[PDB]
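Residue numbers (full-length UniProt numbering): 14 to 118.
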């Protein structure tokens, strides 16, 4: 719950900064949904959207980036802003299969 959102926020930060992230397949799916959700509000780009995005992402510089940088770039697409690609690689320990998450473009 609060543990998940903390993760999402951490993952989304790195994703918007470097452009890609790698995690487990499940965590990758959950993340893609969270980010698509944030970009949607950024595209709606209003007083209330900016409020909800910040409450979700506890980082101003990023919320700022989303609205005036990432959002404009996806004004043509209407969803599926994030791409998830399953790897042939599995993490060490449990062997859970990995997946690479990145912004479509």
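The beta carbon of each residue, even a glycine, is placed where N, CA and C say it ideally should be.
Below 8 angstroms on the Cβ atoms is my contact criterion, and I expect residue i with residue j to pass it. Report the Cβ-Cβ distance as a whole number of Å.
i, j, result
"residue 94", "residue 111", "Actually they do not touch by this definition, with Cβ atoms about 21 angstroms apart."
"residue 78", "residue 20", "At roughly 20 angstroms, the Cβ-Cβ gap does not stay under 8 angstroms, so residue 78 and residue 20 are not in contact."
"residue 114", "residue 52", "13 angstroms between Cβ atoms; not a contact."
"residue 84", "residue 109", "The Cβ separation is near 33 angstroms, so there is no contact."
"residue 60", "residue 25", "Actually they do not touch by this definition, with Cβ atoms about 22 angstroms apart."
"residue 58", "residue 80", "6 angstroms"
"residue 42", "residue 97", "7 angstroms"
Please classify residue i as buried or exposed, where buried requires at least 16 other C-beta atoms within 10 Å of its C-beta.
i, result
"residue 45", "buried"
"residue 66", "buried"
"residue 40", "buried"
"residue 120", "No answer is possible for residue 120: it lies beyond the span of the chain, which begins at 14 and ends at 118."
"residue 48", "buried"
Following the continuous beta strand (DSSP E) through residue i, name the residue where it begins and the one where it ends.
i, result
"residue 113", "110–116"
Starting from residue i, trace the alpha helix (DSSP H) both ways and give me its first and last residue.
i, result
"residue 15", "15–31"
Ignoring anything shorter than 3 residues, give me the beta strand (DSSP E) runs that lie fully in the region 50–107, in order along the chain.
95–103
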